[PDB]
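1. Here's a sequence, model it:
(chains A, B, C, D, E, F, G, H and I)
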Amino acid sequence: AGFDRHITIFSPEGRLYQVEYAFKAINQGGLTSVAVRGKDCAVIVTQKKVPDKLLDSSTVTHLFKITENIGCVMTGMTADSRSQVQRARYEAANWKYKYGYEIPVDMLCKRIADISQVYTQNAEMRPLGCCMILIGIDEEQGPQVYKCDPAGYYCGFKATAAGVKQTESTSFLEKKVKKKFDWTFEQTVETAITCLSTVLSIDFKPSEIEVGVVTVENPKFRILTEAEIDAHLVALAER
Amino acid sequence: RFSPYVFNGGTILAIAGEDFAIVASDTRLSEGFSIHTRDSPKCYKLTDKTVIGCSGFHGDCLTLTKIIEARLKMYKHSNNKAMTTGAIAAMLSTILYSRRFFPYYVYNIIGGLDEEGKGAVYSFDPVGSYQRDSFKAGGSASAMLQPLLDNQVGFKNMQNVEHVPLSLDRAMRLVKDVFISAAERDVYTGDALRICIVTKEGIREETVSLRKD
Amino acid sequence: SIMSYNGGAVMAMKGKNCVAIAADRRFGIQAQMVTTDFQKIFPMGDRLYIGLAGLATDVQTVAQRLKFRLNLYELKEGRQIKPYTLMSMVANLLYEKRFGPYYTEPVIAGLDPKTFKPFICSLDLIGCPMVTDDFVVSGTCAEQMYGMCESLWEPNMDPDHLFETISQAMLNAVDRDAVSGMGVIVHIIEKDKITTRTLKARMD
Amino acid sequence: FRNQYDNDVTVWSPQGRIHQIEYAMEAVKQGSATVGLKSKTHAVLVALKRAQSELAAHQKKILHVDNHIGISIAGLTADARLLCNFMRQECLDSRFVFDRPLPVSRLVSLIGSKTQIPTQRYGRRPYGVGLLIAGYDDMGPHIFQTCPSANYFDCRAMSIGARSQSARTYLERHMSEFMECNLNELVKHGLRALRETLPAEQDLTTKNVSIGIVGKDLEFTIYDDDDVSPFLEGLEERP
Amino acid sequence: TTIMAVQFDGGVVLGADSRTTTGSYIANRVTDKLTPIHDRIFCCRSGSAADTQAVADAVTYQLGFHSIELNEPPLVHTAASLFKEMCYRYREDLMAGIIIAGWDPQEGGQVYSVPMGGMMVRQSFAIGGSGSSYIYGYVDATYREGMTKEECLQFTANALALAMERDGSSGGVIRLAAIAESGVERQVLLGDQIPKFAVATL
Amino acid sequence: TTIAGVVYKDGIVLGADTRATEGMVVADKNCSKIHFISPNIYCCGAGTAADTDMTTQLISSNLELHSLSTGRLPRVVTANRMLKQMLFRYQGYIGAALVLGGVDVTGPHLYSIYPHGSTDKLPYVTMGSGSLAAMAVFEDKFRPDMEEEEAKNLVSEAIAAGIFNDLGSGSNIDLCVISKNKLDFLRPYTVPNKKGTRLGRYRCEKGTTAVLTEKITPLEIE
Amino acid sequence: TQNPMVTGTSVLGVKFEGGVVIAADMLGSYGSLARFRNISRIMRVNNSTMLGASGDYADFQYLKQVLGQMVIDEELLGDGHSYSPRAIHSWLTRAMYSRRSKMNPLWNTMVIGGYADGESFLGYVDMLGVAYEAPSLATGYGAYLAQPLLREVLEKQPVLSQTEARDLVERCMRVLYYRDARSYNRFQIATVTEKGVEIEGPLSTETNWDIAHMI
Amino acid sequence: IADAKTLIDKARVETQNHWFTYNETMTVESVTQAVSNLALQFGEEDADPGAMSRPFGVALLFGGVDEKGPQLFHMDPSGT
Amino acid sequence: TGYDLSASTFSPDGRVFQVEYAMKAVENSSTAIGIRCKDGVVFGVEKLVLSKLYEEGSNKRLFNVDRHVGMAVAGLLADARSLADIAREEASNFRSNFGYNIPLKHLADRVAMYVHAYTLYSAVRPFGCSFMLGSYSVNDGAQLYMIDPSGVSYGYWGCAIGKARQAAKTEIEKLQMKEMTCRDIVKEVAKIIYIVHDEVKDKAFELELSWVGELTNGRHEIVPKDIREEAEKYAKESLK
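-> Numbers count the residues shown, from 1 in each chain, chains lettered A, B, ... in the order given. Below you will find the coordinate block:
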């Protein structure tokens, strides 16, 4: 072989194996993230696992705010994830400075994704092993969810997942979208929690999940407080 | 608007001798009509056998002394010997020319003992032309001091007078007197005279007091 | 002015299915004529011509440079430049030196490669394009020529009439300017043929 | 096999060790021994020079960085000449800028930083000279050693070079006496310690010993072939 | 232009005239020189409009990026320091005087003045621009410590009015803003609302 | 050059004169000073003519790449910022003074950009040599919430005031009306003044001009 | 700063036995307008050194920032070494000269005052970079007015006591308020002693206006 | 022979540079140190592109009469 | 298998081994512990004395990165000194541009990003040092942050790095540090440092203790020798 081992070399069947190897890294983290888009809200939920009691819970987060109205959940290597978040925050501000309006979510995914292709085509660097899902509200098109993967693909999805149980998570979400009932904010959050819980079989407690929401009524990305998460979790159990 | 130079004044004198070299200078730094300090000797000891005297913009003199001092150390490390007076003179010539386009306003005199053991005085123009000269006066009072040294040390325009090699004593007497005269007629020179005598034993510094304005 | 140092006059006029470009022929340093045969109109195509007046050095350089760009364009695109495109390419060349400008004011006159519609346009030192349906003039004697042209020009002129109007206008105009003159060359471009005639003018 | 992991400074070994840096450290052992000791008032460097042939002169093992600092090289001479120049220029710079002799400790930090850059980046080999730096600054006499690895240590006494364990052993036993020692005693103690490194047949001679002394009143001076005679004469005979 | 900020306990009242002039022609009679650098940090801009508008936007960009990364409301002193560096580094090329005022939870209402040349001085009340010269006396006499926010709004209005009448460059409506923990309340005073002081009427 | 713009209830009307003057001679009439930045943004320019043409063109191009990528019609603010930053970097050496008008999702926006990079969002703006004369008409008659026809009249009257009052301006008046729904580029909105009839025919008959030499080269039409 | 903008005038210092005292007005004047009246033109570089400045406040503020970090860096190093008053003076001389060479002068003229190792140091650094050390230093119009009073006391008595020195600076500050337009009544006095640098807050000068009625 | 030609050239320029700067004749030792410094650069010590990567393959014996009298210094590809 | 040779490479299973290999380097170094209590953060390092010849109070593994923040390092010392320099430069820049003492959380992030960069490129090896930074500011509070060779940065109420990290964490875990005051913690840190040290494998250790907090007026400083001595006594007595 030797077809793998450099991003630039293409396999005899044209597969650029190193990029594929990176997608494997996201799973190595062992955490899954689910995002679902409602009629008026977009929610990102991720599993928060704190390895040691000593670690401060507040510091460990996979949910970051790219700009006041765009929020992202990054799954993969933790260090790579932080690096991409900074680039996103820089890119988001650079758009406001140059063009005078807040970057549309689609354009942030496009810029971030395009940066990833450069890594995929240039020899020295390694594709960052992280996947970022961005949630934002665009006035013209309502709520938006976009995912950029280490390859540079930037598709936008009604609902999506990243991590160890992504395939299972996608199936659960697919069944729920096919039986479309539209989603109110509560349902959008409930669907997300049920999906993560069912795929992981966790039966989550408020501490284990971090949930972030963007709504048309309050466009700013907010990370829900543990109490707010508990309220939704309690309702799910009650019904 | 900003003028990069000011005349900080001062006068420097150097007298060579068969075995001794004397470099002497005022101690007053004056900007404009004001006297910045009355104790700023303008003579610096580069090495045991050499003293540099600088007059002009003080800021240039401080930088040049620092540069020459550094380069002397670098010559010592690289060549494992002290720079001779002749070498310091040539190096200074090159250093000064480096800024021919934005010049150092310093009139410099290097006085010291040569390798043969005789005393040598090297005088430099602000842009670095260097001449080995038996006696030279530089600075605000070069005009006043140089003629006297030429009559007394060089026996010029004197008929039927014998030529006697200068002695450290006669020269110290002469240096003290010429500076006394300049203090009286040059506003810039005054306060005190530091006379540095370089002989095989080494630099010896003697200070005499000229009139405070 | 720097423009007045070498001196020049160029004019172009639009008739019906014909264009005429005419220019003076004197090359002089300030006041001394050196040559009476300077070329200020250069062919940039089968039926497109450019006229440069201004510092002679610039006239020669901008023409030589434009040809480099044009020849490559023709080889690369395998097509003759449409007249409006040369104007744009020239404007880019001139604007590139917006600071330190080439001191030439060009006039471009031609027939469209396929339609054969006439095109006359002029550009300033910094490269500002002006397309006019009547006449365009550039040079030291511009004021004199503008007046002669405004009165004499009539719309839909036939080729023989166009030659007579351009010749009368250039001849009378260069007469009232000291630094331009010593002969005028009129090139007439019609779809079928190009006729270049040198007029008889006061050599003073 | 494990031939792999040893080719470059940029490859970490499976057990956390960068082998090339270690291989570089081995270079100091190849060089002739040098011993440095300190007293409350003076710092001394003594070296055992080696000669290519009887006709050839002994190499210079002690070099003067500045009036207050001097170094003794053990290892590749080339790396030493290069490092010494950097050190000399850094010292000259301090006098021009701040008109103060550079604190000896600060210089060693700078030598460490310059030395580390080769270790992390592909390209230049790690410097393979081991340096003993001795100086008197306002804080006091100081003796520091620098490894080919950039790590530097402050020492009461140290010997770097071939068969230097023997010297370190003598120095440790007689160490307490050194602090209150007179200069003659301190150089004498050092000459004995380097004697241990020498093969039993070989003896200290005026030709192979170089002594460098820096102190509150003494500018660094390298006493050489005929000027080591005062310090050597007082010494006894091999134990 | 006359720009004036005064710090009341718990916040700042910034005020400015609306006139921008090219020569003796008033190009814009309703310009807003009080701009929001951040949610609770605003700057009054006096000096060349081009330079002020550029520096203001660049600081908005820098403060915003910093706030998102530090995940905290930005400090008014930080904004001032960013303005100070730009104005100092490009002092030769920039002709701008900016008064930066804002509320940060850490230090409360703060008014900082960057005069042309790049100095940052915290001041209890800061006046800037061409019209400021005429009102230096009114402010010195009128300023009393511990004025209420409403008292400050009147103080800023009267001061800006006095300058507007005596400076040709100053003029137009008075724009006044009160920035506090609660939020920014922006008010425009026009015509009769602008305070009027009686003329000599000999 | 009188260039002027107004915000009507649902859009912007931009007006400009059609005369380009080199020194004190009218180099050209029918010059076009309302440039196209984008389908929804049109900008009128005054000042060094070349600078206005090139700057508008570069921004028109950049905005096209931006709109194509974003997939949405360009916003007026983007046009202003791109224009201002470019102008600021050049420090007034590029002497382009522009009135930028457009309707975007936010609504109708009109901006005036001075050569040094200053910008003003204003209900009515006039720039150029005749700006002072035009401003007078606007100050006197601008009313908020004007209907489109009234606005076209105000902008026409103002450019007209400049044409008659200022020496530099003069020729036909051009109005461009941008509305959320549509753009009408009304070149020759009005021809205020026309050249008088040439009473005498001075046409030269053939043979009037002597020719020393002639060469006829036949182009091969094919 | 090719053109000075907000500037301050006269910082005076004299070396008492056991330390140096430097004093400064607290006014930054925008060309004849006393725009800034509580600015402090004296800084504590380190326990052993203090610097005061006359000239563009902006350039001083930059120098404080650069010099302060240089001091902070030495402290973090924690080698027990520290910058002497002389060293800070040498650096400033090289720095001001460098900017003069680049024809981008720092307008400030500064006094570096410090007591280390039992020796007091007072030094002058000009915008063109002229530097010297001397017993008493006055920058600004002070050189023309205050320095003559200070030098006379010093020539007659070379060594002065802290009380004597503070009194002299108060007297010299009084003259400067009386005969220099750019001066302001409020001044700060700071003294480097073996103990450290302490800067007194606004201190004001009693003024005799008796000659007015004499007319 | 070829790498020698470069080293002999650095030496010739350095002796001349010393005359220009210091109006004196370089000692044999300094001249060897000067050529040696070039030889040491083979290690990629400097970032300059124009430095041979390979160690020089020449050994030079430099002999001259200086202030210390007749002296012969030997230089090796290492640069010692 | 060539997957582990470079950090640019990714193993077929998704793991970048060179970074993991770098993390093993820290385990080679001696243990260092940092505990955050209400008043401030106390850091302790067991500094093995390799030779009697080396001077005491030298070869420090605790560095002051700025007036208010202190860094304790474990791992290849050379890299650590270099990382400390990067940190000090970053702190200076934040003060120079933003005009105030760097918030520690930001400092950790900036240094981490620098550390992460080395992870991506193939020219440079991952840094081999794991370090802890701590600061106390009245507004911010007491903050302890630890950066792995990977560039992961997290805030730890209590943290340990080095050979005995696992053992130390168990001891640190039974401390109820949040309630405890700074002076008491210094004794506790010492007890843990003594417990983890293995006398048989490591001949001898000198405990180096540093602290930042209200007591130090927010300046990271080496613990005064009187306090250190008292703690070392408390530790030996507890070891029994």
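2. Please point out which parts of the longest helix along chain A sit buried.
-> Looking across chain A with DSSP state H, the single longest helix is helix A:78-99. Within helix A:78-99, the residues scored as buried using 16 or more other CB atoms under 10 Å in any protein chain shown are A:78-89, A:91-93, A:95-97, A:99. In short, each C-beta sits where N, CA and C put it, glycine included.
3. out of those residues, which touch chain I?
-> A:78, A:79, A:80, A:82, A:83, A:86 (CB under 8 Å from any CB of the partner chain).
4. Contact partners for the second one?
-> Going by CB atoms under 8 Å, 6 or more residues apart in numbering or on different chains, residue A:79 touches I:112, I:115, I:116, I:119, I:150, I:151, I:152.
5. and what of the fourth one?
-> Neighbour list for residue A:82: A:64, A:74, I:109, I:112, I:113, I:116, I:151, I:153 [criterion: CB under 8 Å, 6+ apart].
6. looking at those, which has the most residues close by?
-> Neighbour counts for the contacts of residue A:82 peak at residue A:74, which has 28 neighbours (criterion: other CB atoms under 10 Å in any protein chain shown).
7. For that residue, which phi and psi angles does the backbone take?
-> phi -110, psi 120 (degrees, to the nearest 10).
8. And it, how close does it get to residue A:64?
-> Residue A:74 is 7 Å from residue A:64, where distance means CB to CB, to the nearest Å.
9. again, but for residue A:1
-> Separation of residue A:1 from residue A:64 (CB to CB): 38 Å.
10. With residue G:200 instead?
-> With CB to CB as the criterion, residue G:200 and residue A:64 are 50 Å apart.
11. For chain H, what's its nearest residue on chain I.
-> Residue nearest to chain H within chain I: residue I:123 (14.0 Å; CB to the nearest CB).
12. Excluding sequence neighbours, find me the nearest residue to that residue.
-> Using CB to CB, 6 or more residues apart in numbering or on different chains and skipping residues adjacent in sequence, the residue nearest residue I:123 is residue D:122, 4.8 Å away.
13. From what I see, the one you found and residue I:8 are in contact.
-> No: checked against CB atoms under 8 Å, the pair residue D:122 and residue I:8 is beyond contact range at 11.4 Å.
14. Tell me where chain A has helices.
-> Applying DSSP H to chain A gives helices spanning A:17-28, A:78-99, A:105-121, A:166-178, A:185-200, A:226-238.
15. got the contact list for whichever residue of chain B sits closest to chain F?
-> Distances between chain B and chain F by CB to the nearest CB are smallest at residue B:1, namely 21.3 Å. Listed by CB under 8 Å, 6+ apart, the contact partners of residue B:1 are G:2, G:3.
16. If we go by neighbour counts, what in stretch C:123-139 is buried?
-> C:123-132, C:134-139.
17. ok, and which of these reach chain F?
-> Okay, of those touching chain F (CB under 8 Å from any CB), that's C:124, C:126, C:127, C:128, C:129, C:130, C:132.
18. Redo those residues as TSV? Include distance to residue A:25 and secondary structure.
-> Conversion of those to TSV gives the following (distance: CB to CB, whole Å; DSSP: H, G, I helix; E, B strand; the rest coil):
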residue	distance to residue A:25	secondary structure
C:124	61	coil
C:126	56	coil
C:127	54	coil
C:128	58	coil
C:129	57	strand
C:130	62	strand
C:132	66	strand
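19. Redo those as JSON lines? Include distance to residue D:78.
-> Below are these laid out as JSON lines (distance: CB to CB, whole Å):
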{"residue": "C:124", "distance to residue D:78": "66"}
{"residue": "C:126", "distance to residue D:78": "60"}
{"residue": "C:127", "distance to residue D:78": "60"}
{"residue": "C:128", "distance to residue D:78": "65"}
{"residue": "C:129", "distance to residue D:78": "66"}
{"residue": "C:130", "distance to residue D:78": "71"}
{"residue": "C:132", "distance to residue D:78": "77"}
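20. What is the nearest of the residues you listed to chain B?
-> Scanning those for proximity to chain B, where the rule is CB to the nearest CB, the winner is residue C:126, at 33.5 Å.
21. Distance from the helix or strand containing residue B:88 to the middle of the chain?
-> Secondary structure from DSSP states H and E places residue B:88 in helix B:85-98. With CA atoms, centre = their mean, to the nearest Å as the basis, helix B:85-98 stands 15 Å off its chain's centre.
22. Just checking that helix against chain G, any contact.
-> No: judged by CB under 8 Å from any CB, helix B:85-98 stays clear of chain G, getting no closer than 12.1 Å.
23. would you put the C-alpha positions of that helix in CSV?
-> Provided in CSV are the C-alpha atoms of helix B:85-98 (Å, rounded to 0.1, in the frame of the first residue of the first chain):
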residue,chain,number,x,y,z
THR,B,85,45.9,53.2,17.8
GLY,B,86,46.4,53.0,14.1
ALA,B,87,43.7,50.3,13.7
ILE,B,88,41.2,52.2,15.9
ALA,B,89,41.7,55.2,13.6
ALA,B,90,41.0,53.2,10.5
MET,B,91,38.0,51.5,12.0
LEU,B,92,36.6,54.9,13.1
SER,B,93,37.1,56.3,9.6
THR,B,94,35.0,53.5,8.2
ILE,B,95,32.4,53.8,10.9
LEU,B,96,32.0,57.5,10.3
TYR,B,97,31.7,57.1,6.5
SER,B,98,28.9,54.6,7.0
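24. packing partners for it?
-> Using 3 or more CB pairs under 8 Å, 6 or more residues apart in numbering or on different chains; DSSP states H and E, the elements in contact with helix B:85-98 are strand B:50-56, helix B:58-79, strand B:106-113, strand B:119-124, strand B:130-132, helix H:2-22.
25. which helices and strands sit right next to the longest one?
-> In other words, helix B:58-79. Short answer (3+ CB pairs under 8 Å, 6+ apart): helix B:58-79 packs on strand B:43-47, strand B:50-56, helix B:85-98, strand B:106-113, helix D:77-98, helix G:85-101, strand G:131-133, helix H:28-40.
26. Dihedrals phi and psi, residue 104?
-> Just so you know, I chose chain A. Dihedral angles (degrees, to the nearest 10) for residue A:104: phi -70, psi 150.
27. you looked at the wrong chain, it should be chain I
-> Torsion angles, degrees, to the nearest 10, at residue I:104: phi -60, psi -40.
28. Surely it is in contact with residue I:136?
-> No: Residue I:104 is beyond contact range of residue I:136, at 9.1 Å (criterion: CB under 8 Å).
29. Determine the residues that are contacts of both of those two.
-> Common neighbours of residue I:104 and residue I:136 (CB under 8 Å, 6+ apart) are I:68, I:143.
30. quick check, residue I:73 in a strand?
-> Yes: assessed with DSSP: H, G, I helix; E, B strand; the rest coil, residue I:73 lies in a strand.
31. To what extent is it buried, counted in neighbours?
-> Residue I:73, neighbours per other CB under 10 Å, totals 27.
32. measure residue I:159 to residue I:69 for me?
-> 15 Å.
33. make that residue G:11, sorry
-> 35 Å.
34. One more: residue I:104?
-> Taking CB to CB, one finds residue I:104 at 6 Å from residue I:69.
35. next one: residue F:132
-> 61 Å.
36. which one of the two has more residues nearby?
-> Counting neighbours by other CB under 10 Å for residue F:132 and for residue I:69 shows that residue I:69 has the greater number, 30 against 15.
37. any idea what sits nearest that one, other than its immediate chain neighbours?
-> Nearest to residue I:69 is residue I:135, by CB to CB, 6+ apart, at 4.0 Å.
38. What is the burial count for that neighbour?
-> 30.
39. Now stretch H:8-15: buried residues?
-> H:10, H:11, H:14.
40. where does the nearest residue to residue A:21 once chain neighbours are set aside fall, helix, sheet strand or coil?
-> Spatial nearest neighbour of residue A:21, excluding adjacent residues (CB to CB, 6+ apart): residue I:10 at 4.1 Å. Counting by three-state DSSP, the backbone at residue I:10 sits in coil.
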